[PDB]
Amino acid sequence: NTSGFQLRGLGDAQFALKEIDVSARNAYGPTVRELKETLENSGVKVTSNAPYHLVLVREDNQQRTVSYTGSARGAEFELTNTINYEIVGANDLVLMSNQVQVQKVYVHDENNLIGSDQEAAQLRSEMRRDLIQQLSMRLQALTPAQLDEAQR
């Protein structure tokens, strides 16, 4: 009891919003699929019939060189995955909107391109699951009490 730390109890990972229509620009893809999967495993059912939708628009996978070899050639690549999500409510009204991103660095080989592509793929999978984790944490903090307060 010196620290103040103690195990998590149901009341924390309760997930207030227990139902939401998860859709994406990439209608069928690893991101959205594993997202709906994680949510369902968390206790939240996913259905097109819903007043509240989580829409994933523009998932972007960027890559840039961040370090260089002794011959001024690419040594390490930095992959940055960025998903732009918006929460939509009644009558196609964008209730809110934000982005979530993550980035990781891997060693690129100029003489082993396919291996580097595999490494990049695995890295993209891990980053994917991390982004889904973050989106989960964000959706958990939501409450149905937060309304549209639309005004025009």
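We number the residues from 1 along the sequence you see.
*Asks:* Look up the CA B-factors in the entry and say which stretch, 125 to 133 or 10 to 18, has the higher mean.
*Replies:* If you average the C-alpha B-factors of 10 to 18 and of 125 to 133, the larger mean comes out for 10 to 18.
*Asks:* Which is higher on mean Cα B factor in this entry, 110 to 118 or 86 to 94?
*Replies:* Between 110 to 118 and 86 to 94, it is 86 to 94 that shows the higher mean C-alpha B-factor.
*Asks:* Highest recorded C-alpha temperature factor, please, choosing from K104, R64, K45, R33.
*Replies:* Going by the entry's C-alpha B-factors, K45 comes out highest.
*Asks:* Out of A50, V55, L39, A27, which one has a C-alpha B factor higher than all the others in the entry?
*Replies:* Largest recorded C-alpha B-factor: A50.
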